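Dropping coords02.tsv in here (TSV, N, CA and C atoms):
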```tsv
chain	number	residue	atom	x	y	z
Q	1	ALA	N	8.35	4.75	-5.50
Q	1	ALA	CA	8.05	3.33	-5.80
Q	1	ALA	C	8.27	3.05	-7.29
Q	2	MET	N	8.16	1.79	-7.73
Q	2	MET	CA	8.24	1.47	-9.16
Q	2	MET	C	7.04	2.04	-9.93
Q	3	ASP	N	7.29	2.87	-10.94
Q	3	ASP	CA	6.26	3.61	-11.68
Q	3	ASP	C	6.57	3.72	-13.19
Q	4	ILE	N	7.00	2.61	-13.79
Q	4	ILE	CA	7.13	2.46	-15.25
Q	4	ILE	C	5.75	2.21	-15.87
Q	5	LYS	N	5.42	2.94	-16.95
Q	5	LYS	CA	4.15	2.85	-17.70
Q	5	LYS	C	4.28	2.28	-19.12
Q	6	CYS	N	3.13	1.93	-19.69
Q	6	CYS	CA	2.90	1.21	-20.94
Q	6	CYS	C	1.44	1.42	-21.41
Q	7	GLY	N	1.02	0.74	-22.49
Q	7	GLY	CA	-0.35	0.74	-23.00
Q	7	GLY	C	-0.80	2.08	-23.60
Q	8	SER	N	-2.09	2.39	-23.45
Q	8	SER	CA	-2.77	3.59	-23.98
Q	8	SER	C	-2.10	4.90	-23.54
Q	9	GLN	N	-1.61	4.92	-22.30
Q	9	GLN	CA	-0.87	6.03	-21.69
Q	9	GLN	C	0.49	6.27	-22.36
Q	10	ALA	N	1.17	5.20	-22.77
Q	10	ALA	CA	2.48	5.25	-23.43
Q	10	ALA	C	2.37	5.31	-24.97
Q	11	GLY	N	1.16	5.39	-25.51
Q	11	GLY	CA	0.92	5.34	-26.95
Q	11	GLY	C	1.21	3.98	-27.59
Q	12	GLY	N	0.98	2.88	-26.87
Q	12	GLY	CA	1.01	1.51	-27.39
Q	12	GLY	C	2.31	0.73	-27.14
Q	13	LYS	N	3.15	1.14	-26.19
Q	13	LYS	CA	4.35	0.39	-25.76
Q	13	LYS	C	3.99	-0.67	-24.71
Q	14	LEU	N	4.71	-1.78	-24.68
Q	14	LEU	CA	4.56	-2.87	-23.70
Q	14	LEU	C	5.38	-2.62	-22.41
Q	15	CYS	N	5.20	-3.47	-21.39
Q	15	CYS	CA	6.10	-3.56	-20.24
Q	15	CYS	C	7.44	-4.22	-20.66
Q	16	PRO	N	8.58	-3.91	-20.01
Q	16	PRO	CA	9.88	-4.52	-20.37
Q	16	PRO	C	9.96	-6.00	-19.95
Q	17	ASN	N	9.39	-6.31	-18.79
Q	17	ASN	CA	9.08	-7.64	-18.26
Q	17	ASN	C	7.60	-7.98	-18.52
Q	18	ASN	N	7.19	-9.25	-18.45
Q	18	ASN	CA	5.89	-9.80	-18.86
Q	18	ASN	C	4.63	-9.29	-18.10
Q	19	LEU	N	4.80	-8.28	-17.25
Q	19	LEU	CA	3.78	-7.64	-16.43
Q	19	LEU	C	2.56	-7.14	-17.20
Q	20	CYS	N	1.44	-7.22	-16.49
Q	20	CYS	CA	0.14	-6.74	-16.90
Q	20	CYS	C	0.14	-5.20	-16.84
Q	21	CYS	N	-0.11	-4.56	-17.97
Q	21	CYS	CA	-0.36	-3.12	-18.06
Q	21	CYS	C	-1.77	-2.81	-17.55
Q	22	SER	N	-1.88	-2.21	-16.36
Q	22	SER	CA	-3.16	-1.82	-15.74
Q	22	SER	C	-3.94	-0.78	-16.56
Q	23	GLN	N	-5.17	-0.52	-16.11
Q	23	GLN	CA	-6.06	0.53	-16.61
Q	23	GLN	C	-5.35	1.89	-16.75
Q	24	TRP	N	-4.60	2.22	-15.70
Q	24	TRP	CA	-3.80	3.44	-15.50
Q	24	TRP	C	-2.46	3.45	-16.25
Q	25	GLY	N	-2.14	2.38	-16.97
Q	25	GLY	CA	-0.94	2.22	-17.78
Q	25	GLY	C	0.28	1.65	-17.05
Q	26	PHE	N	0.26	1.40	-15.74
Q	26	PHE	CA	1.42	0.88	-15.00
Q	26	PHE	C	1.51	-0.66	-14.98
Q	27	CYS	N	2.74	-1.18	-14.97
Q	27	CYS	CA	3.06	-2.61	-14.92
Q	27	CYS	C	2.94	-3.23	-13.51
Q	28	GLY	N	2.36	-4.43	-13.43
Q	28	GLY	CA	2.33	-5.29	-12.24
Q	28	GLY	C	1.60	-6.62	-12.48
Q	29	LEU	N	1.23	-7.34	-11.42
Q	29	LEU	CA	0.53	-8.63	-11.47
Q	29	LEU	C	-0.53	-8.79	-10.37
Q	30	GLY	N	-1.44	-9.73	-10.61
Q	30	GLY	CA	-2.60	-9.99	-9.77
Q	30	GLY	C	-3.80	-9.16	-10.22
Q	31	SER	N	-4.90	-9.30	-9.49
Q	31	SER	CA	-6.18	-8.67	-9.82
Q	31	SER	C	-6.12	-7.13	-9.93
Q	32	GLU	N	-5.06	-6.50	-9.41
Q	32	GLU	CA	-4.92	-5.03	-9.43
Q	32	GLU	C	-4.32	-4.49	-10.74
Q	33	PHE	N	-3.73	-5.37	-11.55
Q	33	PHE	CA	-3.09	-5.04	-12.83
Q	33	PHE	C	-3.69	-5.85	-13.99
Q	34	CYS	N	-3.80	-7.17	-13.83
Q	34	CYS	CA	-4.42	-8.04	-14.82
Q	34	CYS	C	-5.95	-8.13	-14.69
Q	35	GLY	N	-6.54	-7.75	-13.55
Q	35	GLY	CA	-7.96	-7.97	-13.28
Q	35	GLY	C	-8.86	-6.89	-13.88
Q	36	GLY	N	-9.16	-7.00	-15.17
Q	36	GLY	CA	-9.99	-6.06	-15.91
Q	36	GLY	C	-9.19	-4.87	-16.46
Q	37	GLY	N	-9.50	-4.44	-17.68
Q	37	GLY	CA	-8.82	-3.34	-18.37
Q	37	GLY	C	-7.34	-3.56	-18.69
Q	38	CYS	N	-6.82	-4.79	-18.55
Q	38	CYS	CA	-5.42	-5.14	-18.79
Q	38	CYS	C	-5.00	-4.94	-20.26
Q	39	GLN	N	-4.23	-3.89	-20.52
Q	39	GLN	CA	-3.84	-3.43	-21.85
Q	39	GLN	C	-2.89	-4.35	-22.63
Q	40	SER	N	-1.87	-4.86	-21.95
Q	40	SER	CA	-0.78	-5.68	-22.49
Q	40	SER	C	-0.17	-6.58	-21.42
Q	41	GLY	N	0.54	-7.63	-21.84
Q	41	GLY	CA	1.27	-8.54	-20.94
Q	41	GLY	C	0.49	-9.80	-20.60
Q	42	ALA	N	0.50	-10.21	-19.32
Q	42	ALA	CA	0.00	-11.52	-18.89
Q	42	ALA	C	-1.55	-11.62	-18.77
Q	43	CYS	N	-2.27	-10.74	-19.48
Q	43	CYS	CA	-3.73	-10.61	-19.48
Q	43	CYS	C	-4.45	-11.86	-19.99
Q	44	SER	N	-5.64	-12.12	-19.45
Q	44	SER	CA	-6.59	-13.15	-19.93
Q	44	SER	C	-7.33	-12.74	-21.21
Q	45	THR	N	-7.61	-11.44	-21.38
Q	45	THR	CA	-8.42	-10.88	-22.49
Q	45	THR	C	-7.80	-9.64	-23.13
```
What does the file become when written as structure tokens?
Amino acid sequence: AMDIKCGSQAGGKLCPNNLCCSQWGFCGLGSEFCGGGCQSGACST
């Protein structure tokens, strides 16, 4: 599956597209990526 990483896991790199960097460092959207612990991208906080 798609498994590109970013954030704390990548040592402070962003997603290539505007995706939410999850808790686990992977890019995506919705409550599973942006919903709490969102490191970079389309995050609320």
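Considering the residues Q:43, Q:27, Q:1, Q:34 and counting only N, CA and C atoms, residue 14 (chain Q) has its shortest atom-to-atom contact with Q:27.
Note that CA of residue 31 (chain Q) and atom C of residue 10 (chain Q) are 22.3 Å apart.
Between CA of residue 11 (chain Q) and CA of residue 24 (chain Q) there is a distance of 12.5 Å.
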Checklist outcome for this item: Expressed in Å, the length from CA of residue 32 (chain Q) to CA of residue 12 (chain Q) is 20.0 Å
Next on the checklist: Can you tell me which residues surround residue 35 (chain Q) at a distance of at most 8 Å, considering only N, CA and C atoms, apart from same-chain residues fewer than 2 positions away, and format the answer as a count of residues only?
Outcome noted: 13
Checklist entry - Looking at only N, CA and C atoms, which of Q:40, Q:45, Q:13, Q:4 is the one that sits closest to residue 26 (chain Q)? => result Q:4
Checklist entry - Using only N, CA and C atoms, which residues sit within 5 Å of residue 19 (chain Q) once same-chain residues fewer than 6 positions away are excluded, as a PyMOL selection string? => result chain Q and resi 28+41-42
Any chance you could work out the axis-aligned box around region 22-28 of chain Q, listed atoms only, 6 Å on each side, giving centre and edge lengths in Å to one decimal, as lines of an AutoDock Vina configuration file?
```
center_x = -1.5
center_y = -1.6
center_z = -15.0
size_x = 21.1
size_y = 22.1
size_z = 17.5
```
Next on the checklist: Taking the DSSP secondary structure from the backbone, can you list the residues of chain Q that are strand (DSSP E or B), as a ChimeraX atom specification?
Outcome noted: /Q:5,7,13,20-21,26-28
Missing atoms in region 9-25 of chain Q: can you complete it with N, CA, C and O atoms, as a PDB file, in the coordinates of the input?
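Result written to result26.pdb:
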```
ATOM      1  N   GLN Q   9      -1.610   4.920 -22.300  1.00  0.00           N
ATOM      2  CA  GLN Q   9      -0.870   6.030 -21.690  1.00  0.00           C
ATOM      3  C   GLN Q   9       0.490   6.270 -22.360  1.00  0.00           C
ATOM      4  O   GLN Q   9       0.895   7.419 -22.545  1.00  0.00           O
ATOM      5  N   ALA Q  10       1.170   5.200 -22.770  1.00  0.00           N
ATOM      6  CA  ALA Q  10       2.480   5.250 -23.430  1.00  0.00           C
ATOM      7  C   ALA Q  10       2.370   5.310 -24.970  1.00  0.00           C
ATOM      8  O   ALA Q  10       3.380   5.234 -25.672  1.00  0.00           O
ATOM      9  N   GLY Q  11       1.160   5.390 -25.510  1.00  0.00           N
ATOM     10  CA  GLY Q  11       0.920   5.340 -26.950  1.00  0.00           C
ATOM     11  C   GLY Q  11       1.210   3.980 -27.590  1.00  0.00           C
ATOM     12  O   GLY Q  11       1.654   3.944 -28.741  1.00  0.00           O
ATOM     13  N   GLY Q  12       0.980   2.880 -26.870  1.00  0.00           N
ATOM     14  CA  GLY Q  12       1.010   1.510 -27.390  1.00  0.00           C
ATOM     15  C   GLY Q  12       2.310   0.730 -27.140  1.00  0.00           C
ATOM     16  O   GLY Q  12       2.545  -0.262 -27.832  1.00  0.00           O
ATOM     17  N   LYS Q  13       3.150   1.140 -26.190  1.00  0.00           N
ATOM     18  CA  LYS Q  13       4.350   0.390 -25.760  1.00  0.00           C
ATOM     19  C   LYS Q  13       3.990  -0.670 -24.710  1.00  0.00           C
ATOM     20  O   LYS Q  13       3.069  -0.458 -23.927  1.00  0.00           O
ATOM     21  N   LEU Q  14       4.710  -1.780 -24.680  1.00  0.00           N
ATOM     22  CA  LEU Q  14       4.560  -2.870 -23.700  1.00  0.00           C
ATOM     23  C   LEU Q  14       5.380  -2.620 -22.410  1.00  0.00           C
ATOM     24  O   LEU Q  14       6.172  -1.676 -22.321  1.00  0.00           O
ATOM     25  N   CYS Q  15       5.200  -3.470 -21.390  1.00  0.00           N
ATOM     26  CA  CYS Q  15       6.100  -3.560 -20.240  1.00  0.00           C
ATOM     27  C   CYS Q  15       7.440  -4.220 -20.660  1.00  0.00           C
ATOM     28  O   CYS Q  15       7.430  -5.055 -21.569  1.00  0.00           O
ATOM     29  N   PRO Q  16       8.580  -3.910 -20.010  1.00  0.00           N
ATOM     30  CA  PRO Q  16       9.880  -4.520 -20.370  1.00  0.00           C
ATOM     31  C   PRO Q  16       9.960  -6.000 -19.950  1.00  0.00           C
ATOM     32  O   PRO Q  16      10.515  -6.839 -20.664  1.00  0.00           O
ATOM     33  N   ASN Q  17       9.390  -6.310 -18.790  1.00  0.00           N
ATOM     34  CA  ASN Q  17       9.080  -7.640 -18.260  1.00  0.00           C
ATOM     35  C   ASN Q  17       7.600  -7.980 -18.520  1.00  0.00           C
ATOM     36  O   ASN Q  17       6.813  -7.057 -18.698  1.00  0.00           O
ATOM     37  N   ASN Q  18       7.190  -9.250 -18.450  1.00  0.00           N
ATOM     38  CA  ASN Q  18       5.890  -9.800 -18.860  1.00  0.00           C
ATOM     39  C   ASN Q  18       4.630  -9.290 -18.100  1.00  0.00           C
ATOM     40  O   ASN Q  18       3.525  -9.792 -18.286  1.00  0.00           O
ATOM     41  N   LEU Q  19       4.800  -8.280 -17.250  1.00  0.00           N
ATOM     42  CA  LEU Q  19       3.780  -7.640 -16.430  1.00  0.00           C
ATOM     43  C   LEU Q  19       2.560  -7.140 -17.200  1.00  0.00           C
ATOM     44  O   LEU Q  19       2.633  -6.689 -18.346  1.00  0.00           O
ATOM     45  N   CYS Q  20       1.440  -7.220 -16.490  1.00  0.00           N
ATOM     46  CA  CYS Q  20       0.140  -6.740 -16.900  1.00  0.00           C
ATOM     47  C   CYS Q  20       0.140  -5.200 -16.840  1.00  0.00           C
ATOM     48  O   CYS Q  20       0.351  -4.611 -15.779  1.00  0.00           O
ATOM     49  N   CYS Q  21      -0.110  -4.560 -17.970  1.00  0.00           N
ATOM     50  CA  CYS Q  21      -0.360  -3.120 -18.060  1.00  0.00           C
ATOM     51  C   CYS Q  21      -1.770  -2.810 -17.550  1.00  0.00           C
ATOM     52  O   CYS Q  21      -2.750  -3.099 -18.238  1.00  0.00           O
ATOM     53  N   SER Q  22      -1.880  -2.210 -16.360  1.00  0.00           N
ATOM     54  CA  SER Q  22      -3.160  -1.820 -15.740  1.00  0.00           C
ATOM     55  C   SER Q  22      -3.940  -0.780 -16.560  1.00  0.00           C
ATOM     56  O   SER Q  22      -3.436  -0.174 -17.511  1.00  0.00           O
ATOM     57  N   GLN Q  23      -5.170  -0.520 -16.110  1.00  0.00           N
ATOM     58  CA  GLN Q  23      -6.060   0.530 -16.610  1.00  0.00           C
ATOM     59  C   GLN Q  23      -5.350   1.890 -16.750  1.00  0.00           C
ATOM     60  O   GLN Q  23      -5.446   2.553 -17.781  1.00  0.00           O
ATOM     61  N   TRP Q  24      -4.600   2.220 -15.700  1.00  0.00           N
ATOM     62  CA  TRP Q  24      -3.800   3.440 -15.500  1.00  0.00           C
ATOM     63  C   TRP Q  24      -2.460   3.450 -16.250  1.00  0.00           C
ATOM     64  O   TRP Q  24      -1.698   4.413 -16.131  1.00  0.00           O
ATOM     65  N   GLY Q  25      -2.140   2.380 -16.970  1.00  0.00           N
ATOM     66  CA  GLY Q  25      -0.940   2.220 -17.780  1.00  0.00           C
ATOM     67  C   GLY Q  25       0.280   1.650 -17.050  1.00  0.00           C
ATOM     68  O   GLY Q  25       1.294   1.432 -17.703  1.00  0.00           O
TER      69      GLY Q  25
END
```
